[PDB]
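These notes concern the structure reproduced below.
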Amino acid sequence: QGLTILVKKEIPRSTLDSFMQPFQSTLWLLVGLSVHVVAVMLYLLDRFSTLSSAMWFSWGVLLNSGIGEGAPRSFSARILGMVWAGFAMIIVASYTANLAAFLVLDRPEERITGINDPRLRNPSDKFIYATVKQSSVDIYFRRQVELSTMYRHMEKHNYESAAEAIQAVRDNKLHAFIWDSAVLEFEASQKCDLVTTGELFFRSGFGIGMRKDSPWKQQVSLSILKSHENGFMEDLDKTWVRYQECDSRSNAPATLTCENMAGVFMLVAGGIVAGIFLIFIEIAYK
Amino acid sequence: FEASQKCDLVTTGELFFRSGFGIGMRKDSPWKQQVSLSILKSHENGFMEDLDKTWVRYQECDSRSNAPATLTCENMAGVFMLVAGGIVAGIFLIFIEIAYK
Amino acid sequence: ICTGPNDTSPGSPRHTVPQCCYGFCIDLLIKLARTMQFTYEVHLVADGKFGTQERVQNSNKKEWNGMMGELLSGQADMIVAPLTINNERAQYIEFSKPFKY
Amino acid sequence: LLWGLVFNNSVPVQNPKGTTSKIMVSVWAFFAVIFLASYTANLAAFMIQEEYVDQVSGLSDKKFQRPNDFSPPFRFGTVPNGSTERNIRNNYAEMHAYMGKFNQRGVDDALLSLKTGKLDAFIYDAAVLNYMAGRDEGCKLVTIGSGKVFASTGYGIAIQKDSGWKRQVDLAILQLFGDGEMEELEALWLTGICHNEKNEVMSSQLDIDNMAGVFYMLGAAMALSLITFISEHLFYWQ
Amino acid sequence: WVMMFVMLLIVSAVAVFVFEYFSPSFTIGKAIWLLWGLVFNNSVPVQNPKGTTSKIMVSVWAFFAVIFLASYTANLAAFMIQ
Amino acid sequence: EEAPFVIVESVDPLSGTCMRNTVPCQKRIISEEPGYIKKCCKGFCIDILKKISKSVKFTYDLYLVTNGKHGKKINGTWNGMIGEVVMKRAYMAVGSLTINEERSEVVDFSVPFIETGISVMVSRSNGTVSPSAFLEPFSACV
Ligand SMILES: *[C@@H]1O[C@H](CO)[C@@H](O[C@@H]2O[C@H](CO)[C@@H](O)[C@H](O)[C@H]2NC(C)=O)[C@H](O)[C@H]1NC(C)=O
Ligand SMILES: N[C@@H](Cc1cc(-c2ccc(Cl)cc2Cl)cc(CP(=O)(O)O)c1O)C(=O)O
Ligand SMILES: O=C(Nc1ccccc1)N[C@H]1C[C@H](C(=O)O)Nc2cc(Cl)cc(Cl)c21
Ligand SMILES: *[C@@H]1O[C@H](CO)[C@@H](O)[C@H](O)[C@H]1NC(C)=O
């Protein structure tokens, strides 16, 4: 028997607030200026050796639509147009590359690794972890001399039970819980949503006790050795503590979802409703 | 020093084995006390720092971290080799098509 | 200006010849001489080893060859060099305060 | 046409009606898609931004004695009444007069004002730092390399003026060093842990106009256009 | 994976009438084809709605398309890490 | 008493002794003049003191300080541990005691066992991309 740390297995969930996130809220204001600049510049440098034409030409070649027909005929305009196409490709490439660089590095925080975690050795109010008040572990940590600050931390959050600890762990009011190996492994395999981790640092074995002079100790030890040999103890193990078997492999990366990038089709619906207003004005004008 | 000199090798690690250098004499020189006093004076008034700056930490080829690699002239050379092969195959292609047509 | 060992005189493995001897440790030496009034004559003589406790041809087995030899057996009276601090060496020698970690 | 191919479908363009040219443009397009994919991949490889430039520095550096020489100057201070005060006020002192605006009411205040950008460098004892820098929680802050220290002395222990018995404790301590126990004792009391885990990696959420260069090159072509616009006179005088 | 399909048809119907009022016929038939070509990748010669306002609708659709495709390829490069 | 070297907390609540502190250190006080309390005094310098007194055979009894912080000169008089040693009211000074010139001229000193001095501290800045990144992913060949 040793000791281990029980934590809640955080289900993966991507943190992407909006599609606009990978750019500053000021680049978007610069691209429009640039496109209209190139538009009017094209309109000028053609017939000096159609406005809507060149305007749509730019707005298309950036937006990668197919709509539009205007082909610059001057020798001036062609160069500017081609380099503008270049600029367009490079903007979109930068955008997608940055977004991928943001998503790759969004694997959730790694869980604690045993007892030598910086996240555990240097306590903070950002990561709360405690154990049962007045138990053998709080005793073992009072008695400990290598580290005491952790003790200080776990002095303020101790729960006076086991069930309350388990609950608060399922309710995220407590990020970690230190305890015995046997109880924890079973409690994890049972509920199938919490996970143990660490390595058994404190070590011991359980045993059966008698007075110092019973006439029986020798036969008892012999019987227990027989049991360990002929597989009986293994069968009891299999039957009683390692049975339920909710084991699994590692996790998968997160999946952006119904609200993760919800803003974009909200935008397109707003585009439809704006078009509703656009048709009415244009027809009367024309 | 050997690193700051040639500027293409780098040191690393942390000083595990520890000690200090020192000046030695017999066990009964009449001088040890004045020598230790002089060395402390030197450590205080910056003299030792100046010798340091002059003799071992001078050349100063330090730099920041590195940048990721850059695929280059031969890294992806095969593709335009392919396109040139396409041109030479087209040379073969035009001759046959015209005669056929 | 300090005299030299054999191999600095390449002809014979025995004779010696002066050389220009020059470094910052020498600068510390000169500083000391200025503040601790004395003259000096430096000689770069050894076999080429600092000379920790070696063995013998099985006669006495306590030698302190090399630089410690020159210090203990009356050859010299001071050692200015990158000499470490080692409690073995602290048995027979007297060290100054540390001046470089 | 080929420019439109390689970069991105831009505009109505004529297509070579030949029965074999189409082959040439097709393989060109193959080259194009491979090219663009490779490019965007490697650029996503660049934008990864290792964490610690760490801003190395010396000790008798112009980065200190000439603060106003730089873009907005350093904000580096000390604790006033202590010892290091006097230890510097007797070698340069012109730094000293400059650093008066940055006193710190203690130590924890100094670290706090260090995390939140109010300061950018701290100058103080060596050992107190090398203890503190290895204890605080995030430890996104680190001392400079322990090879460039200004006035290197040592915590030791005292004894009566006459040699009662000094050489005894002297050899004892040197034996302690030689056997390798100071290291263990430090590891048990002094160092702490987060000295390793050198540098993380971060995303940085590209928002700066670092594409300024990009923009600039755009503008460049604009000017070239006007240069070639000059051709409108190189017909008028023709 | 289904909103876009619904967000596809709903837009297309708006074409069949927004075109009808302003000024080879962009019916529901060709229109669906067009938007599919938009979202995934430029495929083939397709008719373009000659209206002075539909073009606005297809344009914003194209904006949606480029953002969509970029997001998709990014997250897939996120998956393939093993 | 100092933060990371020499700690001073209390006696044990059950028996008043110490568990592994191993030193009573006789926390005297003047407020005649008695030595009031004996509190446990653990830390780092205390550890090295124990480790060394093991080898060189002697015994000891730590003695707290009352006059000054560490030691300074006032009217040609030494106030602090250095005072406590310059007159033989004790025999050895332990703890966070720095070596300088004038002290080493009045008192003696062992070999230093912790190196120290004046140093600096930075904040480990973040670091952004080059403004000329866009052109990075292809050498001048391609
Ligand atoms: C360096 O580290 C990160 C880079 O991602 C920045 O962190 C956030 O910074 C703000 C400060 O405005 C904090 O309130 C947040 O808690 C930090 N984390 C997150 C997840 O937002 C940090 O600001 C960067 N340093 C500077 C000077 O910008
Ligand atoms: N020990 C030094 C005195 C001395 C001690 C400290 C100090 C303070 C808190 C802690 Cl926890 C540890 C230490 Cl070492 C700091 C300084 C520096 P300053 O006083 O300028 O603030 C100092 O001088 C001596 O022997 O004179
Ligand atoms: O902590 C306690 N009791 C306690 C309960 C509530 C409050 C305070 C203390 N018991 C520990 C140690 C206990 C023993 O005899 O060593 N047996 C034992 C066996 C298992 Cl399986 C797990 C543990 Cl933690 C324990
Ligand atoms: C430190 O020096 C300042 C100088 O103004 C003084 O006001 C203060 O009393 C001194 N002591 C402390 C503990 O700050």
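Residue 1 is the first one shown; counting continues down the chain.
Determined by electron microscopy, 3.9 Å, according to the entry header.
Cβ from N, Cα, C; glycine included.
Residues annotated as disulfide bond in Swiss-Prot, with a large-scale study or a structure entry given as evidence: C:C2-C:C21. Positions annotated as N-linked glycosylation site by Swiss-Prot: C:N6.
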Cα-Cα distance linking the residue listed as 'N-linked glycosylation site' and C:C21 (disulfide bond), given in Å to the nearest integer: 16
DSSP three-state assignment (helix, strand or coil) for C:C2 (disulfide bond): strand
For C:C21 (disulfide bond), the number of other Cβ atoms found within 10 Å of its own Cβ: 13
Reduced DSSP assignment, C:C21 (disulfide bond): coil
Tertiary neighbours of C:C2 (disulfide bond) (same chain, Cβ under 8 Å, six or more apart): C:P18, C:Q19, C:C21, C:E41, C:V42, C:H43, C:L44
Nonlocal neighbours by CB distance (under 8 Å) for C:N6 (N-linked glycosylation site), same chain, sequence gap 6 or more: C:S12, C:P13, C:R14, C:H15, C:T16
